[PDB]
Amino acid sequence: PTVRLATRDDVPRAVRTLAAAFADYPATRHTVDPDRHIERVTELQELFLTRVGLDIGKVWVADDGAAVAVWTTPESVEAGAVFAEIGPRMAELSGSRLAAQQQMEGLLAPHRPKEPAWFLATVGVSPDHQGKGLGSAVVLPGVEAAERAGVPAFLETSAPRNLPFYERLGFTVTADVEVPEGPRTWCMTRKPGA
């Protein structure tokens, strides 16, 4: 279980891991077109991993990409300009589920920290390596970094099996959001010193 920051050479295994990990995720199933679903989800994960994670955020990997963690920090300053580049393509990839994605964003936006914070954008572990402690190991550096910076760490999850996993890392449910014809979503925050 060797954890370190990611390089461009790691992207291929990382994207395979994220695509496989999010294959049956409730939020992805609600917000991404079912037509060529895995292909669409794979491009979204690649687009976020490279253009957001590696370019302006922070990305960690365990066992050369068997697990991945992507964060946006208070240091992620051209998030906005990056969003004008990749934004329209992400809407195309959402396809028929763009209205559902936009509805869900409106429900979660009020519960997001308006103050500077580290956001866990996405985390995935290869299905065959799940339950072996890799997820905890990849997310821990970002959690320690947020605490060192004196800012909260924040995330959103639509899978209730993840609540214990994040609770062990010091996170607490700050919002329990009901999505119409969609998945129940929990917003979680970890203030420095949890």
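Numbers follow the displayed sequence, beginning with 1.
Stretches compared: 67 to 75, 104 to 112. Higher mean C-alpha B-factor in the entry: 67 to 75.
Comparing the deposited coordinates for 183 to 191 and 3 to 11, the stretch with the larger average C-alpha B-factor is 3 to 11. Of all the options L155, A137, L163, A27, the entry's greatest CA B-factor is assigned to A137. Among the modelled residues of the chain, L18 sits in the middle third by CA temperature factor in this PDB entry. In the PDB entry, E46 places in the middle third of its chain by CA B-factor. Remark: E167 belongs to the lowest third of its chain, ranked by C-alpha B-factor as recorded.
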